[PDB]
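Single-structure report; data block below.
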Amino acid sequence: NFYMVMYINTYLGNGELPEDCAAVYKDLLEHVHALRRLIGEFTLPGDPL
Amino acid sequence: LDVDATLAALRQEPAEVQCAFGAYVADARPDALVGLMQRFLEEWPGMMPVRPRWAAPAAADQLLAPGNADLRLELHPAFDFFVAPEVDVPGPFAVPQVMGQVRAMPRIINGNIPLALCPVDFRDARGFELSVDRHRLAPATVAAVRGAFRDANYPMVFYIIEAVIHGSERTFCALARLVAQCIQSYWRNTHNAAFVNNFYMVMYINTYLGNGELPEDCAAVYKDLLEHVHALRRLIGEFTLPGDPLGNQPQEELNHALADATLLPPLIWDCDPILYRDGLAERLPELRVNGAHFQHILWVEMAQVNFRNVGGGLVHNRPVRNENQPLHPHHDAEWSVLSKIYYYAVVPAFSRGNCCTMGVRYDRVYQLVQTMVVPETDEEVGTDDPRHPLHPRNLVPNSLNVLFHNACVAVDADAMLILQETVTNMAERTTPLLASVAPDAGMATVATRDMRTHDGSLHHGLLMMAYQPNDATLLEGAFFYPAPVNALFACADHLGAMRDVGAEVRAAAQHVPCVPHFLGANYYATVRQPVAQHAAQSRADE
Amino acid sequence: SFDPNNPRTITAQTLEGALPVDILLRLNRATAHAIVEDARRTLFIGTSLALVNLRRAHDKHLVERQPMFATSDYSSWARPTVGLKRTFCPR
Amino acid sequence: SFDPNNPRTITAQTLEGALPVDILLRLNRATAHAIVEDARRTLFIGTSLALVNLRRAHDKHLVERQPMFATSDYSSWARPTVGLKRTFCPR
């Protein structure tokens, strides 16, 4: 689930997870953030057509 | 520095008016200082009929296309030539409709050279050149600090503690126990740092706690973050020939730009820079705090707080430790320079265009910090006995204790109770500034006598790191309302925190920094756009 | 509480009996489509009522349940509303 | 100590009642701008007085509070003034 892997690190996050387990989910989210930023740098900013 | 004839030879063309945003600054009457951003947001899309050139640069090479309209205004390696309304700055808050004119203004820093004529690869190469055998950051240090800066669920209670301390001296040594427990908890919870967004706090950490209650493998981070600033400050020390103070200013201020005094830091917490700044008079510097010059006022208590004061008046949080004499600063000179270094050279190194300066609501945070729940016990018992202030029984909703429980921080009742001492020095509000300094003995030609700069700053503000829009445990615009001061410290996600966000403005905010036009525009500033763009899109091992 | 070989005998009168253990154990000792469908429906409702009754019985010994989410504000002008993460409130 | 649906009823007379728990629990069971503004002001002062009273009650059982910072000197010629780091003085 996408919504579950979001809620995990939004609410559970720094909480009950072990020191290591939450790292998986934090990485898994920052990766999607990077992929989303990717297309941000392959577009010449212009006016919505 | 001969540009008068060039300007006289450009204005012959009638007018080329295209936009007005990046080159117009307007003074504001001391009205509201929290709703000013409201009055500005609703007006902004009207200020940008077309896209601003300066925001998104032309290209790598298309700058040299044989017809584009940017070569016409790039003809000197130390000046900028743009269009602006035919008014005197500062002007009225409503943008006029006069015919345009071509002004000019020196790039005070070589970093202001546009990217197409100083590529990012070369800058990073020059850096990597200077970096050898000077000083470095251990990999664990940089790993931890990057994790902290890039974390997206940073506990809000730490921002609360930052806002309630506001860089005093007494209150920190008072809350030392709470700060230590918080740091300990967070480090053993995620292996990160804490309070790194505030410079005075990271100074205090290692100057007071240091050898004490912090773990050995954690305090090394706070020692590295300061010895690196020390090395960076020592850098300019060997790139200046020892000379003679020229304009009543030492040479080191003439060579570098940060080592200057007349350049106000982005975030201050007292009049410590303001006094030093006015010390010089050759290049007459003028300060404007919402219109009033300012009135130095001392500490304020719960007796007379008046959250609604709007005039020009700044506070000295229990001005000193001991003295309580009239009108004297309580820090050395190099303190402000170290702060400038930290915030202009190391913060954008880690954040890479995420941080944003925030205006804080001092009323609600003060309302909240008071409402604590703690039972009466002679001796502390620990978190297991239900008499503990963190046991689920006495977690009355909407308290302050529940905020501490939201972050899994482990504190004691006495350390919590210590918070009461904040009541000895309030913080009324956070207020904008606007410095105005003329070019120094360097660019002091007759043809530059009047081309002064304009840079703004926040007092008693706060720099938050990464916005967390996805949580519901707190209202969006509860405590902090965004106030970006410079192009480096202006993201576009923090605009969501502001209440009553438009549908159009947020869409057209990713491609333009959102500095309000009463906090200095991009051209009239001393740290232009291209350095921010460099810091944001470069990639050089941080 | 009923006999399994006849679905027509289950209803709110007989399902009010006790906890879901009785339902499941009754269904355990067994040995047109509209009949079984309606029976399934009433059985679902009955087991839900059984489960809420069980929760009542066990919750008579538990902590009070706070509102989990903030932003629900009527007297907002005084206090800032703050939710509570139900990470653990066991007793 | 008061009713939430009326802000005009809070004042120093009614807020003297007890600890901030009473204030917060009163505000919890709720159901022009100058009125609510003045009410917020008096409520702030009241909760501060409540908090200092709570600290008195709990501090009747704690250690004496030393001056944290040195350099405050009147009889300096005899002893050199030395501050104290309030790292931990819990009881």
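In the structure tokens, each chain is lettered A, B, ... as it comes, each chain's residues begin at 1, and ligands are numbered from 1 in order of appearance.
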
Check your understanding: Using only C-alpha atoms, which residues sit within 8 Å of residue 69 (chain C) once same-chain residues fewer than 2 positions away are excluded, as a list in words?
Key -> residues 472 and 473 of chain B; 67, 71, 72, 82, 83 and 84 of chain C

Export N, CA, C and O atoms of the chosen residues as a PDB file, in the first residue's frame?
ATOM      1  N   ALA B 472      -1.928  15.803  11.220  1.00  0.00           N
ATOM      2  CA  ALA B 472      -3.173  16.408  11.656  1.00  0.00           C
ATOM      3  C   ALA B 472      -3.194  16.705  13.143  1.00  0.00           C
ATOM      4  O   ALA B 472      -4.069  17.443  13.602  1.00  0.00           O
ATOM      5  N   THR B 473      -2.252  16.144  13.899  1.00  0.00           N
ATOM      6  CA  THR B 473      -2.202  16.346  15.341  1.00  0.00           C
ATOM      7  C   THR B 473      -2.189  17.822  15.713  1.00  0.00           C
ATOM      8  O   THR B 473      -2.538  18.172  16.844  1.00  0.00           O
TER       9      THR B 473
ATOM     10  N   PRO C  67     -10.103  12.279  22.256  1.00  0.00           N
ATOM     11  CA  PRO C  67     -10.225  12.502  20.810  1.00  0.00           C
ATOM     12  C   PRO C  67      -8.845  12.468  20.169  1.00  0.00           C
ATOM     13  O   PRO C  67      -7.918  13.135  20.631  1.00  0.00           O
ATOM     14  N   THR C  71      -7.837  20.095  15.686  1.00  0.00           N
ATOM     15  CA  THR C  71      -8.492  20.971  14.717  1.00  0.00           C
ATOM     16  C   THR C  71     -10.003  20.996  14.912  1.00  0.00           C
ATOM     17  O   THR C  71     -10.695  21.811  14.295  1.00  0.00           O
ATOM     18  N   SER C  72     -10.526  20.126  15.768  1.00  0.00           N
ATOM     19  CA  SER C  72     -11.926  20.186  16.166  1.00  0.00           C
ATOM     20  C   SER C  72     -12.055  21.227  17.264  1.00  0.00           C
ATOM     21  O   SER C  72     -11.715  20.957  18.418  1.00  0.00           O
ATOM     22  N   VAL C  82      -4.984  20.300  20.267  1.00  0.00           N
ATOM     23  CA  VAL C  82      -3.900  19.359  20.001  1.00  0.00           C
ATOM     24  C   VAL C  82      -4.407  17.933  20.154  1.00  0.00           C
ATOM     25  O   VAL C  82      -4.921  17.556  21.212  1.00  0.00           O
ATOM     26  N   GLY C  83      -4.259  17.127  19.110  1.00  0.00           N
ATOM     27  CA  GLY C  83      -4.699  15.753  19.154  1.00  0.00           C
ATOM     28  C   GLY C  83      -3.807  14.884  20.017  1.00  0.00           C
ATOM     29  O   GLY C  83      -2.871  15.360  20.653  1.00  0.00           O
ATOM     30  N   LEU C  84      -4.111  13.591  20.032  1.00  0.00           N
ATOM     31  CA  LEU C  84      -3.356  12.614  20.806  1.00  0.00           C
ATOM     32  C   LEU C  84      -3.127  11.377  19.953  1.00  0.00           C
ATOM     33  O   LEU C  84      -4.082  10.809  19.414  1.00  0.00           O
TER      34      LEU C  84
END

Using only C-alpha atoms, I'd like a table of the residues in chain A that come within 10 Å of chain C; for each, show the closest atom pair and its distance in Å rounded to one decimal, ordered by chain and ascending number, as CSV.
residue,atom,partner,partner_atom,distance
A:11,CA,C:85,CA,7.7
A:12,CA,C:87,CA,7.9
A:15,CA,C:87,CA,8.0
A:16,CA,C:87,CA,7.5

Review point. Taking only C-alpha atoms into account, which residues of chain C are within 8 Å of chain D, as a PyMOL selection string?
Key: chain C and resi 74-75+77-79

Least-squares superpose chain D on chain C across all ordered C-alpha pairs, then write out what you get as a short mmCIF file (atom, residue, chain, number, x, y, z; two decimals) with N, CA and C atoms, in the first residue's frame.
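Listing of result-v1.cif after writing:
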data_model
loop_
_atom_site.label_atom_id
_atom_site.label_comp_id
_atom_site.auth_asym_id
_atom_site.auth_seq_id
_atom_site.Cartn_x
_atom_site.Cartn_y
_atom_site.Cartn_z
N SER D 1 -27.98 -21.84 21.43
CA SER D 1 -28.87 -20.71 21.23
C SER D 1 -29.82 -20.96 20.07
N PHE D 2 -29.47 -21.94 19.24
CA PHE D 2 -30.26 -22.31 18.08
C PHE D 2 -29.69 -23.61 17.54
N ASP D 3 -30.32 -24.13 16.48
CA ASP D 3 -29.78 -25.32 15.85
C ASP D 3 -29.19 -24.96 14.50
N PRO D 4 -28.03 -25.51 14.14
CA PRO D 4 -27.40 -25.13 12.87
C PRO D 4 -28.13 -25.66 11.65
N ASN D 5 -28.75 -26.84 11.74
CA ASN D 5 -29.34 -27.46 10.56
C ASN D 5 -30.55 -26.68 10.05
N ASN D 6 -31.01 -25.69 10.79
CA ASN D 6 -32.09 -24.82 10.33
C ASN D 6 -31.64 -23.37 10.38
N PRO D 7 -31.45 -22.71 9.24
CA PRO D 7 -31.11 -21.28 9.26
C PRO D 7 -32.28 -20.38 9.63
N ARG D 8 -33.52 -20.85 9.47
CA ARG D 8 -34.68 -19.99 9.70
C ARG D 8 -34.89 -19.68 11.17
N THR D 9 -34.09 -20.26 12.07
CA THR D 9 -34.32 -20.11 13.50
C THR D 9 -33.44 -19.05 14.15
N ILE D 10 -32.53 -18.42 13.41
CA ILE D 10 -31.70 -17.38 14.01
C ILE D 10 -32.36 -16.02 13.83
N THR D 11 -32.25 -15.17 14.85
CA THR D 11 -32.86 -13.85 14.87
C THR D 11 -32.34 -13.09 16.09
N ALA D 12 -32.72 -11.81 16.16
CA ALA D 12 -32.29 -10.96 17.26
C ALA D 12 -32.68 -11.51 18.62
N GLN D 13 -33.78 -12.27 18.70
CA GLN D 13 -34.21 -12.82 19.98
C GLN D 13 -33.21 -13.85 20.50
N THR D 14 -32.74 -14.74 19.64
CA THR D 14 -31.81 -15.78 20.06
C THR D 14 -30.35 -15.34 20.03
N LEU D 15 -29.99 -14.37 19.19
CA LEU D 15 -28.60 -13.94 19.13
C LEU D 15 -28.22 -12.99 20.26
N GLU D 16 -29.20 -12.42 20.96
CA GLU D 16 -28.88 -11.58 22.11
C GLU D 16 -28.19 -12.34 23.23
N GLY D 17 -28.18 -13.67 23.17
CA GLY D 17 -27.71 -14.52 24.24
C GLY D 17 -26.42 -14.14 24.93
N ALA D 18 -25.31 -14.13 24.19
CA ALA D 18 -24.01 -13.99 24.84
C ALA D 18 -22.98 -13.54 23.81
N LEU D 19 -21.71 -13.61 24.20
CA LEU D 19 -20.54 -13.20 23.43
C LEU D 19 -20.41 -13.99 22.13
N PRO D 20 -19.57 -13.55 21.19
CA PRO D 20 -19.43 -14.28 19.92
C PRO D 20 -18.95 -15.72 20.07
N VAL D 21 -18.39 -16.09 21.23
CA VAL D 21 -18.00 -17.49 21.43
C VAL D 21 -19.20 -18.41 21.28
N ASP D 22 -20.37 -17.99 21.78
CA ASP D 22 -21.56 -18.83 21.66
C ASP D 22 -21.97 -18.97 20.20
N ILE D 23 -21.95 -17.87 19.44
CA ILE D 23 -22.25 -17.94 18.02
C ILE D 23 -21.32 -18.92 17.33
N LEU D 24 -20.02 -18.78 17.55
CA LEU D 24 -19.05 -19.57 16.80
C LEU D 24 -19.11 -21.04 17.20
N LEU D 25 -19.29 -21.31 18.49
CA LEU D 25 -19.38 -22.69 18.94
C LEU D 25 -20.67 -23.35 18.47
N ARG D 26 -21.77 -22.59 18.43
CA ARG D 26 -22.99 -23.11 17.83
C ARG D 26 -22.77 -23.47 16.37
N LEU D 27 -22.15 -22.58 15.60
CA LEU D 27 -21.88 -22.86 14.20
C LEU D 27 -20.85 -23.98 14.04
N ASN D 28 -20.10 -24.28 15.09
CA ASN D 28 -19.05 -25.28 15.00
C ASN D 28 -19.59 -26.71 15.04
N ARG D 29 -20.74 -26.93 15.67
CA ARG D 29 -21.28 -28.28 15.86
C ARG D 29 -22.38 -28.60 14.86
N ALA D 30 -22.31 -28.04 13.66
CA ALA D 30 -23.26 -28.36 12.61
C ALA D 30 -23.04 -29.78 12.12
N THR D 31 -24.06 -30.34 11.46
CA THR D 31 -23.97 -31.68 10.90
C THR D 31 -25.11 -31.93 9.92
N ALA D 32 -34.65 -20.54 -1.05
CA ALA D 32 -33.34 -21.15 -1.16
C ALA D 32 -32.24 -20.18 -0.74
N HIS D 33 -31.59 -19.55 -1.72
CA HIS D 33 -30.47 -18.67 -1.40
C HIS D 33 -30.91 -17.46 -0.59
N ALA D 34 -32.17 -17.02 -0.73
CA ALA D 34 -32.63 -15.88 0.05
C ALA D 34 -32.67 -16.22 1.53
N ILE D 35 -33.04 -17.45 1.87
CA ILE D 35 -33.08 -17.85 3.27
C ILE D 35 -31.71 -17.70 3.91
N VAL D 36 -30.72 -18.37 3.33
CA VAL D 36 -29.38 -18.32 3.89
C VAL D 36 -28.81 -16.91 3.82
N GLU D 37 -29.22 -16.12 2.83
CA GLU D 37 -28.70 -14.76 2.73
C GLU D 37 -29.21 -13.89 3.88
N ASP D 38 -30.54 -13.86 4.07
CA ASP D 38 -31.10 -13.14 5.20
C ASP D 38 -30.53 -13.63 6.53
N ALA D 39 -30.34 -14.95 6.67
CA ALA D 39 -29.76 -15.48 7.89
C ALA D 39 -28.36 -14.94 8.11
N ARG D 40 -27.55 -14.90 7.04
CA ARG D 40 -26.23 -14.31 7.14
C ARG D 40 -26.30 -12.86 7.59
N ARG D 41 -27.26 -12.11 7.06
CA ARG D 41 -27.37 -10.70 7.44
C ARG D 41 -27.67 -10.54 8.93
N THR D 42 -28.71 -11.22 9.41
CA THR D 42 -29.04 -11.09 10.83
C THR D 42 -27.91 -11.61 11.70
N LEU D 43 -27.21 -12.65 11.25
CA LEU D 43 -26.09 -13.17 12.01
C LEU D 43 -24.97 -12.15 12.11
N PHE D 44 -24.69 -11.43 11.01
CA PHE D 44 -23.69 -10.37 11.06
C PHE D 44 -24.07 -9.31 12.08
N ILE D 45 -25.32 -8.84 12.03
CA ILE D 45 -25.74 -7.82 12.99
C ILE D 45 -25.63 -8.36 14.42
N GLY D 46 -26.04 -9.61 14.62
CA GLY D 46 -25.98 -10.19 15.95
C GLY D 46 -24.57 -10.27 16.49
N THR D 47 -23.62 -10.68 15.65
CA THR D 47 -22.24 -10.79 16.12
C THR D 47 -21.63 -9.42 16.37
N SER D 48 -22.04 -8.41 15.60
CA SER D 48 -21.60 -7.05 15.91
C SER D 48 -22.13 -6.60 17.27
N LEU D 49 -23.40 -6.88 17.56
CA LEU D 49 -23.92 -6.50 18.87
C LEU D 49 -23.21 -7.25 19.98
N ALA D 50 -22.94 -8.54 19.76
CA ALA D 50 -22.16 -9.33 20.71
C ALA D 50 -20.79 -8.72 20.94
N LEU D 51 -20.14 -8.27 19.88
CA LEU D 51 -18.79 -7.74 20.02
C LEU D 51 -18.80 -6.41 20.76
N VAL D 52 -19.82 -5.58 20.51
CA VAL D 52 -19.83 -4.30 21.23
C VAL D 52 -20.16 -4.55 22.70
N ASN D 53 -20.94 -5.59 22.99
CA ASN D 53 -21.21 -5.92 24.39
C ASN D 53 -19.95 -6.42 25.08
N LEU D 54 -19.18 -7.28 24.41
CA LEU D 54 -17.90 -7.71 24.96
C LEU D 54 -16.99 -6.52 25.23
N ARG D 55 -16.95 -5.57 24.30
CA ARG D 55 -16.08 -4.41 24.51
C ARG D 55 -16.56 -3.57 25.69
N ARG D 56 -17.87 -3.43 25.86
CA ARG D 56 -18.38 -2.76 27.05
C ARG D 56 -17.86 -3.44 28.31
N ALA D 57 -18.04 -4.77 28.39
CA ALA D 57 -17.65 -5.51 29.58
C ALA D 57 -16.17 -5.35 29.88
N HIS D 58 -15.33 -5.38 28.85
CA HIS D 58 -13.89 -5.24 29.08
C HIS D 58 -13.45 -3.80 29.27
N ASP D 59 -14.20 -2.83 28.73
CA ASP D 59 -13.86 -1.42 28.82
C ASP D 59 -14.31 -0.80 30.13
N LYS D 60 -15.17 -1.49 30.88
CA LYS D 60 -15.46 -1.03 32.24
C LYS D 60 -14.21 -0.97 33.11
N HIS D 61 -13.07 -1.47 32.63
CA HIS D 61 -11.84 -1.49 33.42
C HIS D 61 -10.69 -0.77 32.73
N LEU D 62 -10.97 0.09 31.77
CA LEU D 62 -9.93 0.73 30.97
C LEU D 62 -9.96 2.24 31.12
N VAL D 63 -8.97 2.87 30.50
CA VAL D 63 -8.74 4.31 30.55
C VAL D 63 -9.75 5.02 29.66
N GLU D 64 -10.01 6.29 29.94
CA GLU D 64 -10.91 7.09 29.12
C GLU D 64 -10.29 7.34 27.75
N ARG D 65 -11.14 7.43 26.73
CA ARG D 65 -10.68 7.51 25.34
C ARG D 65 -10.74 8.96 24.88
N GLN D 66 -9.57 9.53 24.60
CA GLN D 66 -9.49 10.92 24.20
C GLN D 66 -9.82 11.06 22.72
N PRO D 67 -10.10 12.28 22.26
CA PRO D 67 -10.22 12.50 20.81
C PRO D 67 -8.85 12.47 20.17
N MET D 68 -8.71 11.68 19.10
CA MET D 68 -7.40 11.45 18.51
C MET D 68 -6.91 12.61 17.66
N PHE D 69 -7.80 13.35 17.03
CA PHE D 69 -7.42 14.37 16.07
C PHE D 69 -7.69 15.77 16.59
N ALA D 70 -6.77 16.67 16.28
CA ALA D 70 -6.91 18.07 16.64
C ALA D 70 -7.85 18.76 15.66
N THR D 71 -7.84 20.09 15.69
CA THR D 71 -8.49 20.97 14.72
C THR D 71 -10.00 21.00 14.91
N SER D 72 -10.53 20.13 15.77
CA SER D 72 -11.93 20.19 16.17
C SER D 72 -12.05 21.23 17.26
N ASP D 73 -12.54 22.41 16.91
CA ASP D 73 -12.37 23.59 17.75
C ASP D 73 -13.70 24.31 17.91
N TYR D 74 -14.13 24.49 19.16
CA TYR D 74 -15.24 25.37 19.49
C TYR D 74 -14.78 26.53 20.39
N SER D 75 -14.08 26.21 21.47
CA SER D 75 -13.42 27.22 22.28
C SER D 75 -11.94 27.29 21.87
N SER D 76 -11.75 27.66 20.61
CA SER D 76 -10.40 27.71 20.05
C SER D 76 -9.67 28.96 20.50
N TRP D 77 -10.38 30.08 20.63
CA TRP D 77 -9.76 31.35 20.95
C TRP D 77 -8.95 31.31 22.23
N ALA D 78 -9.23 30.37 23.13
CA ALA D 78 -8.48 30.28 24.37
C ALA D 78 -7.30 29.33 24.25
N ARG D 79 -7.57 28.08 23.89
CA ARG D 79 -6.54 27.06 23.84
C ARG D 79 -6.32 26.60 22.41
N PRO D 80 -5.10 26.25 22.03
CA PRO D 80 -4.88 25.65 20.71
C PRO D 80 -5.10 24.15 20.75
N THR D 81 -5.98 23.66 19.88
CA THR D 81 -6.37 22.26 19.92
C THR D 81 -5.21 21.36 19.50
N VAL D 82 -4.98 20.30 20.27
CA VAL D 82 -3.90 19.36 20.00
C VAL D 82 -4.41 17.93 20.15
N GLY D 83 -4.26 17.13 19.11
CA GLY D 83 -4.70 15.75 19.15
C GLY D 83 -3.81 14.89 20.02
N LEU D 84 -4.11 13.59 20.03
CA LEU D 84 -3.36 12.61 20.81
C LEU D 84 -3.13 11.38 19.95
N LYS D 85 -1.87 10.96 19.83
CA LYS D 85 -1.56 9.71 19.15
C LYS D 85 -1.81 8.55 20.10
N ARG D 86 -2.69 7.64 19.69
CA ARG D 86 -3.04 6.48 20.51
C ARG D 86 -2.00 5.38 20.34
N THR D 87 -0.75 5.74 20.61
CA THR D 87 0.36 4.81 20.50
C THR D 87 0.28 3.68 21.50
N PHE D 88 0.02 3.98 22.77
CA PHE D 88 -0.28 2.95 23.76
C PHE D 88 -0.95 3.60 24.97
N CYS D 89 -2.16 3.13 25.27
CA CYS D 89 -2.87 3.47 26.51
C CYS D 89 -3.45 2.19 27.11
N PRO D 90 -2.58 1.25 27.49
CA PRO D 90 -3.07 -0.05 27.98
C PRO D 90 -3.18 -0.11 29.50
N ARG D 91 -4.22 -0.80 29.96
CA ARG D 91 -4.45 -1.03 31.38
C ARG D 91 -5.20 -2.33 31.60
#

Exercise for review: Considering only C-alpha atoms, return as a list in words whatever protein or nucleic-acid residues lie within 9 Å of residue 486 (chain B), sequence-local ones (same chain, fewer than 4 positions apart) excluded.
Suggested key: residues 266, 356, 357, 455, 456, 457, 490, 513, 514, 515, 519, 520, 521, 522, 525, 527, 528 and 529 of chain B

Review point. Which one of B:443, B:56, B:218, B:345 sits closest to chain A if you count only C-alpha atoms?
Key: B:56

Point to revise | One-decimal distance in Å that lies between CA of residue 109 (chain B) and CA of residue 17 (chain B) | key: 27.3 Å

Check your understanding: Out of region 53-243 of chain B, which residues get strand (DSSP E) from DSSP, as a PyMOL selection string?
Key -> chain B and resi 79-85+100-106

Practice item. With a distance threshold of 8 Å and counting only C-alpha atoms, extract the residues of chain B near chain C and express them as a PyMOL selection string. Key: chain B and resi 364+367-368+392-393+397-399+402-403+406+472-475+478

Go ahead and save the picked residues with N, CA, C and O atoms, as a PDB file, in the first residue's frame.
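File produced: out-v1.pdb:
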ATOM      1  N   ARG B 364       0.049  32.462  21.282  1.00  0.00           N
ATOM      2  CA  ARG B 364      -0.450  31.104  21.455  1.00  0.00           C
ATOM      3  C   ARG B 364       0.581  30.213  22.131  1.00  0.00           C
ATOM      4  O   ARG B 364       0.231  29.380  22.974  1.00  0.00           O
ATOM      5  N   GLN B 367       0.413  31.049  25.788  1.00  0.00           N
ATOM      6  CA  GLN B 367      -0.778  30.418  26.346  1.00  0.00           C
ATOM      7  C   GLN B 367      -0.528  28.943  26.610  1.00  0.00           C
ATOM      8  O   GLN B 367      -0.899  28.420  27.666  1.00  0.00           O
ATOM      9  N   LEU B 368       0.127  28.266  25.669  1.00  0.00           N
ATOM     10  CA  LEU B 368       0.294  26.825  25.759  1.00  0.00           C
ATOM     11  C   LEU B 368       1.310  26.441  26.826  1.00  0.00           C
ATOM     12  O   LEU B 368       1.066  25.516  27.605  1.00  0.00           O
ATOM     13  N   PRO B 392      -0.425   7.717  31.159  1.00  0.00           N
ATOM     14  CA  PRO B 392      -1.636   8.042  30.386  1.00  0.00           C
ATOM     15  C   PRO B 392      -2.785   8.622  31.195  1.00  0.00           C
ATOM     16  O   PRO B 392      -3.642   9.298  30.611  1.00  0.00           O
ATOM     17  N   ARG B 393      -2.838   8.390  32.508  1.00  0.00           N
ATOM     18  CA  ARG B 393      -4.000   8.810  33.287  1.00  0.00           C
ATOM     19  C   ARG B 393      -4.157  10.326  33.281  1.00  0.00           C
ATOM     20  O   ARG B 393      -5.255  10.845  33.055  1.00  0.00           O
ATOM     21  N   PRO B 397      -6.420  16.254  27.595  1.00  0.00           N
ATOM     22  CA  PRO B 397      -6.234  16.666  26.200  1.00  0.00           C
ATOM     23  C   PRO B 397      -5.923  18.147  26.070  1.00  0.00           C
ATOM     24  O   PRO B 397      -6.197  18.954  26.961  1.00  0.00           O
ATOM     25  N   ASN B 398      -5.329  18.495  24.929  1.00  0.00           N
ATOM     26  CA  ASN B 398      -5.006  19.869  24.559  1.00  0.00           C
ATOM     27  C   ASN B 398      -4.080  20.543  25.562  1.00  0.00           C
ATOM     28  O   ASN B 398      -4.072  21.772  25.675  1.00  0.00           O
ATOM     29  N   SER B 399      -3.287  19.761  26.282  1.00  0.00           N
ATOM     30  CA  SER B 399      -2.346  20.299  27.249  1.00  0.00           C
ATOM     31  C   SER B 399      -1.002  20.542  26.568  1.00  0.00           C
ATOM     32  O   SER B 399      -0.882  20.497  25.343  1.00  0.00           O
ATOM     33  N   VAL B 402       0.814  16.564  26.436  1.00  0.00           N
ATOM     34  CA  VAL B 402       0.545  15.682  25.307  1.00  0.00           C
ATOM     35  C   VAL B 402       1.468  16.004  24.143  1.00  0.00           C
ATOM     36  O   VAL B 402       1.822  15.114  23.364  1.00  0.00           O
ATOM     37  N   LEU B 403       1.885  17.264  24.003  1.00  0.00           N
ATOM     38  CA  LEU B 403       2.867  17.591  22.978  1.00  0.00           C
ATOM     39  C   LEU B 403       4.169  16.849  23.228  1.00  0.00           C
ATOM     40  O   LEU B 403       4.772  16.306  22.297  1.00  0.00           O
ATOM     41  N   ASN B 406       3.787  13.332  22.202  1.00  0.00           N
ATOM     42  CA  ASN B 406       3.727  13.093  20.762  1.00  0.00           C
ATOM     43  C   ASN B 406       5.098  12.777  20.183  1.00  0.00           C
ATOM     44  O   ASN B 406       5.191  12.110  19.147  1.00  0.00           O
ATOM     45  N   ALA B 472      -1.928  15.803  11.220  1.00  0.00           N
ATOM     46  CA  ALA B 472      -3.173  16.408  11.656  1.00  0.00           C
ATOM     47  C   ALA B 472      -3.194  16.705  13.143  1.00  0.00           C
ATOM     48  O   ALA B 472      -4.069  17.443  13.602  1.00  0.00           O
ATOM     49  N   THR B 473      -2.252  16.144  13.899  1.00  0.00           N
ATOM     50  CA  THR B 473      -2.202  16.346  15.341  1.00  0.00           C
ATOM     51  C   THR B 473      -2.189  17.822  15.713  1.00  0.00           C
ATOM     52  O   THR B 473      -2.538  18.172  16.844  1.00  0.00           O
ATOM     53  N   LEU B 474      -1.830  18.703  14.786  1.00  0.00           N
ATOM     54  CA  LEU B 474      -1.888  20.131  15.039  1.00  0.00           C
ATOM     55  C   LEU B 474      -2.437  20.838  13.813  1.00  0.00           C
ATOM     56  O   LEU B 474      -2.278  20.371  12.683  1.00  0.00           O
ATOM     57  N   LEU B 475      -3.095  21.968  14.053  1.00  0.00           N
ATOM     58  CA  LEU B 475      -3.551  22.818  12.966  1.00  0.00           C
ATOM     59  C   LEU B 475      -2.366  23.254  12.112  1.00  0.00           C
ATOM     60  O   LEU B 475      -1.231  23.345  12.587  1.00  0.00           O
ATOM     61  N   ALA B 478      -0.921  26.972  13.031  1.00  0.00           N
ATOM     62  CA  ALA B 478      -1.152  27.169  14.454  1.00  0.00           C
ATOM     63  C   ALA B 478      -0.200  28.210  15.027  1.00  0.00           C
ATOM     64  O   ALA B 478      -0.627  29.276  15.484  1.00  0.00           O
TER      65      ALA B 478
END

Practice item. When you get a sec, could you note down which chain A residues fall within 12 Å of chain B, using only C-alpha atoms, as a ChimeraX atom specification? Key: /A:3,6-23,26-27,29-30,33,37-38,40-41,43-48
